[PDB]
Each structure stands twice: as structure tokens, then as C-alpha cells.
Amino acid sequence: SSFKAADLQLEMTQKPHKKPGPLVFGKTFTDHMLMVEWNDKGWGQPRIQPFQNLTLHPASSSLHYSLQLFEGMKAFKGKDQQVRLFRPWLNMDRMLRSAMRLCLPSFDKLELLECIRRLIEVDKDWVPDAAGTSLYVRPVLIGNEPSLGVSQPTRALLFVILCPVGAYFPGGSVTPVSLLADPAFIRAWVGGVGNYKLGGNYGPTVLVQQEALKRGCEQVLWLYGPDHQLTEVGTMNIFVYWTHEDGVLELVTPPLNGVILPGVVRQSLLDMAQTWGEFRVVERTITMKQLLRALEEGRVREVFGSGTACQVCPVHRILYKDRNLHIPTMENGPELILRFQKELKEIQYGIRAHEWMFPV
């Protein structure tokens, strides 16, 4: 069963918030939210209502056993003032896989997307239009059983909130980051749930990020296995553009073998690069041994993260235990990074019509 967009009830706010004139991520919210409840009778009617607090029983399984998941995607306003979502169907697919993994109720992906469209329409004037700005969309699905039994919930709650966000690069120019690479830290494991966007994967990273700051780095490079596989960078997927040990110029990102969150940007980068057909594009594990060797031999061109936050984020330094490694990304253009950002911009802000964009 599923809630239907046709049954949406609109409750307009009677206390609209003043909109921002420095947009700090995730702190400023729009006037309305989507809310849908689920119980033994199935899904209730979906509603667009004023942004407000959640009321939760103290035994809510959302709070005791982390029956919670979320999504993250962006709406962009072009010069034509039309608002469009970037490949939202993929976020809906990923959200439904997350729900199944936590035994939370299934919903219809197109119905949720239409409800999200309607919510964005209502708050469309919150969508900024300055260069590099967007509206960040945060759907959440939580279990809400008033019981301490660890079990499949008989009640759940689905909601969506929205945040206007400023440019990730406030100088209009990509700025690289430093990463702490310590094999002591583990984000996810084969047989785990690191490949789903579940609240539980993020909580334990807070301390590790504090340690990266203490050691003078900006983000965490998550290592896995005896061979020190480079898996992810903070909450971004990792890409390396290099001449591989067989003399072939290639773009590589780690495969979806369970420890990688399948990013929408990640898939888009692979799609674009495969479409150009100008170099080899692979999904393969990347080890610190291969990286060190490639740096020494001058084979590394660019290393970057991909994610909804920044789209593409250059890396210039990796602190691996005591060894400070310069990554020559910015000394190589960064040609690929700039090319990806340009093409994504064209697609996202409607400069070039595209099947990847969902109009609001």
C-alpha cells in the first residue's frame, strides 16, 4: 500500500519566517514540511503543514534502536526561474532500499516524489537563485513503535524538510581539502549496512571527524581491509584520476561491494565519463599502496570526492598516520573536476535541457 499525492492536505503556515538576506548548511529551514504517518491501517493521508516539532512517545523505536533513515537531494533554480530536481528517482530508489533493510513500510516512489514536488512548489520562493545555490531536500523515515521490543515496527513516520543552501565554494572556485587517513577508523564492513543511508552509519563518525580536526585535517579518508582500501571521503564517494600501473589513463572509484554508499553524484560522474569515451572508467578497489606508488611515479592527476553537498570536491593532502602526502590535483587544472562541474551546472540549472532533471 501507499499514500497518494491526490490525497494531500495543505495546511498553510500562519507564522511565515523571514527569509535570509550567509547561508550556513542545514541550519535554516523553510515554512512547510511534508508529513505522513503509518500504522496497522496503513498510510494516513499525506500533508503539507507548517514546519513544526515532532511529538514522540519516549519508547519510540526511532530513538532506542535507530530505526531511521534519510535522503539528501537538491532542487536548482535556473535563469528561466524554473525549479528542477536532479535525478530524484534515484534518491527514491535508494530510500526504498533503506526502508526495506530496516523493515520499515514500503511506499510508492512516484507518489512520494509528487508529494515532494508539491511541497517544493509551496515553498518555491525559498529556493535561492544565486550562483552555486540550491534548495536541499531532506526526507526521513523513522519507526515509531511505543515499545522496547527490538522488532519490526507497527507504526512509522515519513517527513520531508527543506533548507536553502549557499554555494559550497563561496569564492566561485573549487578549493581543495585535506584528509586524515588512519586505518584505526572503520566506517562500514562487508556484511554491514554502510551501503544504506541509515542514521546509524553517521553517529559514530562524529568523534573521528573531531580527531581529523585535532590532527589538522578537514575530513576523514575512510580506510578498509588489510590492504588499506580507500573507500569514502567524509560523506562523499572517492574518485582517482590517474595513469594506472598498465599505462592506461583511467578514472577509478571503488565498487559497490557493500562498504560504499551508492551516491547519485557518483553514478552521474561514471555515466558522464563513460559517455565521453575518452579514457577508461572503472569500478575497482584503491589501496594506499597503489596511491603511494602512483604519487611517487607522478601518475596521479586528480583526487576528489563526489556528493550532493559539493558535487565535486578536490583533495590536495592526505595525512596517512605520520606521512603527509601532497596530492597534485590543483596543479593538474583540476581539468576533470572542472569539466564535471561545468557539465553538471549546465544540466542542473537548465542551461541544457536533460532527462536527468525533474521539473517542479
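Counting begins at 1, following the sequence as shown.
**Student:** When the other PDB entries of this protein are compared, is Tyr202 left blank in at least a third of them?
**Tutor:** No; none of the other entries leave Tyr202 out.
**Student:** Any chance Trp126 is unbuilt in a third or more of the other entries we compared?
**Tutor:** No, none of the compared structures omit it.
**Student:** Are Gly21 and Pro22 truly consecutive in the deposited sequence, or are residues between them missing coordinates? Give the number as none, 1 to 3, 4 to 9, or 10 or more.
**Tutor:** In the deposited sequence, 1 to 3 residues between these two have no coordinates.
**Student:** For the higher mean C-alpha B factor in the entry, choose 198-206 or 159-167.
**Tutor:** Of 159-167 and 198-206, the stretch with the higher C-alpha B-factor average is 159-167.
**Student:** Comparing 62-70 with 47-55, which has the greater mean CA B-factor as deposited?
**Tutor:** Averaging CA B-factors over each stretch, the winner is 47-55.
**Student:** Between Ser134, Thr253, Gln229, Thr175, let me know which has the highest C-alpha B-factor in the entry?
**Tutor:** Within the set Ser134, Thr253, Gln229, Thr175, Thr175 shows the top C-alpha B-factor.
**Student:** Which listed residue, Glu145, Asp271, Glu283, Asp93, has the largest C-alpha temperature factor in the record?
**Tutor:** Highest C-alpha B-factor among the listed options: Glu145.
**Student:** For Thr308, return the chain-relative third of its C-alpha B-factor as stated in the PDB record: lowest, middle or highest.
**Tutor:** It belongs to the lowest third of the chain when residues are ordered by C-alpha B-factor.
**Student:** If you rank the chain by CA B-factor, which third does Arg293 end up in: lowest, middle or highest?
**Tutor:** Tercile = highest for this residue's CA B-factor.
**Student:** Taking the C-alpha B-factors as the PDB entry records them, is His316 in the lowest, middle or highest third of its chain?
**Tutor:** Within its chain, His316 is a lowest-third residue by C-alpha B-factor, going by the deposited values.
**Student:** Just say lowest, middle or highest third for the CA B-factor of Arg187 relative to the other modelled residues in its chain.
**Tutor:** Answer is lowest: the recorded C-alpha B-factor places it there.
**Student:** Of the three thirds of its chain by CA temperature factor, lowest, middle or highest, which one includes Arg118?
**Tutor:** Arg118: CA B-factor falls in the middle third of its chain.
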